[PDB]
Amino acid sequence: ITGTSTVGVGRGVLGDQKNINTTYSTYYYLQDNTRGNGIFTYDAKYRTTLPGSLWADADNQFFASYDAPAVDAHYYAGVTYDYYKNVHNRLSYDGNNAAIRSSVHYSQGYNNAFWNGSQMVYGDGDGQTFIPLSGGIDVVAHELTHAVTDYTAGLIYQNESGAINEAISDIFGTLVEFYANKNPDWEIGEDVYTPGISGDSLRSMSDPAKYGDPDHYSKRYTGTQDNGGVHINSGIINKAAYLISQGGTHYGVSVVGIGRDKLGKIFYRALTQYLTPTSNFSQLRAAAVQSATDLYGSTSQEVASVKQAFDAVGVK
C-alpha cells in the first residue's frame, strides 16, 4: 500500500521484543519499505486461502499472542534479505528486489511451513509438535532459500535434485542463523520444535543419523515417500557441508574445515552458476569443486577440503 514508513515494536513467538518496519496509512501495516520492493506479511486467519489480508494493526504495537508469528515472519524475512544482500550481493530471491510475501496463521494446527511458488507460508503448529513456525530464523531462511533455489538452479523437488534443494535450504537457513548470531547451531528448527522436549530438533547437519537421516551415500533412501526422500537424503549433503565448514573425521575420512563464510561462498556460487534442475549428488560435488576452484584456486585448501568432505559421505 501507499503510505509512510514507520517503526513498530512487538514480541515474537519466543517472547523477545523487536522493532519492525511498518507502513502507515490509516492502519499500520506489516510492510517494510526499507528492503528492496518491500517485505509484506499477511494474516491467513486459520484458513488456507492465500495470501489472506495484509497485516493491519491500529497502534503499531504488536504484543498480542496473535501478533507473535507475524512479528517473526516479518522480522526474520528482513534478516534473510540482509544476509543475501550483504553477504552474496543478491537483491531478494529473484536478484531484482522482488517483493517478499509471507502468510502466517495458515490453516489450523498446521505442523509445517513452505514456499508455494510465489510466497512463504507458516503454520501455527499444533502446540505439541510445533509452536508457530516463523519463530525459527533457520525456518524462515529455509523457506526463502527455496525461492532463491527456484529462481536460480531450479532443482526439481524429487530424488537427488530434491535432496540437494532441501540441503541448500538447510545450509543457508543455518548460515542465516549464524549471521544473526543468536543461539546459532547446525540443527534445524530447534526453536519451534517440540516445546515439551529440550535439546531436540527436526534434523541435524552435524550428525544427521541422530534423527535417522543418512550421513553417507550408501545409506541413501530410494523409496517413494517424501518425494523420493528429499528431507531424508538431504542429510548426506548437509553432512558434507558441515564437514567443509567445521572439519572432522567421518567413516575414517578426515576433512580440514575452512569455516562458514567459505562454505557459503562455495555453495552460493554452485547454486547460482553450476547447478541445474536435474543435478544429482555427483554433479553437486563437481559444481562445488569448480566453485571452490574459481574462488580460491585449483591447488587451494578449499578445493581439497570440498573433495575430502564429499569423499567422507561417499559421493564421487
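From 1 onward, residues are counted along the sequence shown.
Remark: stretch with higher mean C-alpha B factor among 294-302 and 13-21 is 294-302. Legend: mean Cα B-factor per stretch from the PDB entry, 282-290 versus 33-41; the higher mean is in 282-290.
Note on the listed residues 212, 173, 78, 123: the highest Cα temperature factor in the record is that of 212. Residue-level inspection of the entry shows that, of 197, 144, 98, 163, 197 has the top Cα B-factor.
In this PDB entry, residue 102 carries a Cα temperature factor that places it within the lowest third of its chain's modelled residues. Looking at the C-alpha B-factors along this chain, the one for residue 52 belongs to the middle third. In the PDB entry, residue 185 places in the middle third of its chain by CA B-factor. When the modelled residues of the chain are ordered by their C-alpha B factor, residue 83 lands in the lowest third.
Residue 277 sits in the middle third of its chain by CA B factor, as recorded in the PDB entry.
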